[PDB]
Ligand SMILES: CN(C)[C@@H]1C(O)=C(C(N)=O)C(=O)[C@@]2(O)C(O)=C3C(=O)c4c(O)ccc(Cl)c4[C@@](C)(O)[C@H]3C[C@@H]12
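What follows is a single chain, given as structure tokens, in the form deposited without 7-chlorotetracycline.
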């Protein structure tokens, strides 16, 4: 949480919308200027400010190729800002909708590997993310995916979603790595369907009720059976039966190096 002087921050275009996200530039003194992402908080409470900046605090604890990098913060003026690395291709879900059918299965598995490795590391550092979703994964020009948006994260040492959340985490507020793994399975589905909304237009209560009756998302079109099986493994009712992130990583790497294991289609 490195406190950045506002003179060093130049705010360019708005790239998104309790505040906005901007493309920007940064002239740290002695550094070559770089492009940045600037998340601001609408300037009108102390409590809202603290919980906005806490994301930065948690984000600044990590150093990993698949975790979003923090350049620094602005907290002594308004609006308060969290300044992160600039990710050319935006959010993963809208980026895949923009490139529908135009990445290979191997490329897609590579994106899922990166997300998985980022989560392995977050689980190892003792954090539960609690909001892992394709919209919270950002992608750079080389197609590296980085886990982002640590605002609901918990160090274990508006209208809130439900369709990325484990059944036990919905029903009893019991969030763990194991629940993150459930979310990772939904991200998998989101990737292999090139940015479809989970459960389509099923209501929040329809999702909750369907899950309870052992319904699970059907395989996206042209999805490999092994990938669909990993999704199912991620969505086991009993959380102790779900693979850990280490295992997920290893499974994917096994696919990567055995590409013929990805030719058999589920659906």
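Residue numbers count along the first chain shown, from 1. Between two forms, the rigid core is defined as the largest C-alpha subset superposing within 1.5 Å.
Keep in mind that the form deposited with 7-chlorotetracycline bound is not shown, yet the notes after this line are about it.
S.K.: Within 4.5 Å of 7-chlorotetracycline in the deposited complex, counting heavy atoms only, one of 190 to 198, 175 to 183, 79 to 87, 109 to 117 shows up; tell me which.
M.R.: Contact-bearing stretch, as computed: 79 to 87.
S.K.: Please state whether every one of the three residues 15, 138 and 150 places a non-hydrogen atom within 4.5 angstroms of 7-chlorotetracycline in the deposited complex.
M.R.: All three within 4.5 Å in the deposited complex.
S.K.: Looking at 21, 256, 246, 9, which has any heavy atom no more than 4.5 Å from 7-chlorotetracycline in the deposited complex?
M.R.: Among 21, 256, 246, 9, a heavy atom within 4.5 Å of 7-chlorotetracycline in the deposited complex occurs only for 21.
S.K.: Which residue, 37, 223, 231, 211, is the contact with 7-chlorotetracycline in the deposited complex, using a 4.5 Å heavy atom cutoff?
M.R.: Contact with 7-chlorotetracycline in the deposited complex is made by 37 alone.
S.K.: Although the partner isn't part of this model, could you tell me whether residue 68 comes within 4.5 Å of 7-chlorotetracycline in the deposited complex, counting any heavy atom of the residue?
M.R.: The answer is yes: residue 68 has a heavy atom within 4.5 Å of 7-chlorotetracycline.
S.K.: Is residue 217 close enough to 7-chlorotetracycline in the deposited complex to count, meaning some heavy atom within 4.5 Å?
M.R.: Result no; residue 217 lies far from 7-chlorotetracycline in the deposited complex.
S.K.: In the deposited complex, is there a heavy atom of 7-chlorotetracycline that lies within 4.5 Å of any heavy atom of residue 59, even though the partner is absent here?
M.R.: Heavy-atom contact with 7-chlorotetracycline at 4.5 Å: present for residue 59.
S.K.: Can you tell me which residues in 189 to 206 come within 4.5 angstroms of 7-chlorotetracycline in the deposited complex, by heavy atoms?
M.R.: Nothing in the stretch sits within 4.5 Å of the partner.
S.K.: Using a core superposition, identify the member of 238, 51, 206, 63 whose Cα displacement between this form and the one not shown reaches 2 Å or more.
M.R.: After core superposition, the one over threshold is 51.
S.K.: Core aligned, does the CA of residue 9 move at least 2 Å between this form and the one not shown?
M.R.: Moves: yes, 2 Å or greater.
S.K.: Superposing on the rigid core, is the CA of residue 79 displaced by 2 Å or more between this form and the one not shown?
M.R.: Yes, its C-alpha moves 2 Å or more.
S.K.: Is there a C-alpha shift of 2 Å or more at residue 216 between this form and the one not shown once the rigid core is superposed?
M.R.: Result for residue 216: no, shift under 2 Å.
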